[PDB]
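Below, in structure tokens: the form deposited in one PDB entry, a single chain.
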């Protein structure tokens, strides 16, 4: 969007609410495929709730944008290159915008709990400039996100469920290898409202289900070779004590002359982010599954999970 000026990024809306305008401080990227970051310090030393995101992306030039909660940004400058990365501590993804992709909205009563003793103190924005054919120096970009914070305790708290395989091995050629992930859900109910799949250049399809009394209910199916936005769940799925979260990333060997789990694009990653909410009295902000606790259960995984789209 047009560049802010002197107006200031923090806007008080009342004694409970404030708005943050988190924007690049007028940047001009010189190479194609540049990653710019900046960070805003939360202006309250206490528990706040993030209850709305509005993207302020130039349709011309911004490919994807990521907003993260952490306590320690990588750099301290007004903006910096983040091929390096985002936060020194754990980066808690809050919001992922991609150019052409359905724009998910937070369900009524939902907040991301930030600040206080335990929450994030810092928002880190990350902007992917793609084709730099618009950036004929002819402009300075101020793309970013608007964020509505309240100190009012929200009845529903958002969280992030990450499922990643960490022992996977793809020999070269081997037309199909399956990374299977599965954990038994032991917490109070979560309502899954969005997912994001992330593989590197090998993965062909990634699929996530809740399985209850042997019934496979789809959470998401995506080609991981697309813009990695949070896609919206076709039917919001509850997950309950006794359920199994199961995921499968499907990988090809074809193309490789030597793969394992690592951070290098030469390495692979089978990741599924399930964004969810819980009742506030029960809410956990993060859960992880790195095991495969029920491998004999993938025997009845739906056909759809083994085929591209």
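Residue numbers count along the first chain shown, from 1.
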*Note how many residues of the deposited chain are left out of the model between residue 258 and residue 259; the options are none, 1 to 3, 4 to 9, and 10 or more.*
1 to 3
*State which stretch shows the higher mean Cα B factor in the entry: 267 to 275 or 40 to 48.*
267 to 275
*Is the mean CA B factor in the deposited entry higher across 157 to 165 or across 103 to 111?*
103 to 111
*Between 152, 145, 237, 134, where does the Cα B-factor run highest in the record?*
134
*Would you mind checking which of 186, 212, 139, 196 has the top Cα temperature factor in the PDB entry?*
139
_Quick check for you: using the entry's CA B-factors within this chain, is residue 59 in the lowest, middle or highest third?_
highest
*In terms of the CA temperature factor given in the entry, to which third of its chain does residue 69 belong: lowest, middle or highest?*
lowest
*residue 178 - which third its CA temperature factor falls in, relative to the rest of the chain*: middle
_Based on the deposited C-alpha B factors for this chain, I'd like to know if residue 201 is in the lowest, middle or highest third._
highest
_Among the modelled residues of this chain, does the Cα B factor of residue 281 put it in the lowest, middle or highest third?_
middle
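Quick note: we don't show the form deposited in another entry, though the next part is all about it.
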*From the list 177, 187, 236, 154, return the one residue or range at the hinge between the rigid parts that rotate between the shown form and the other one.*
154
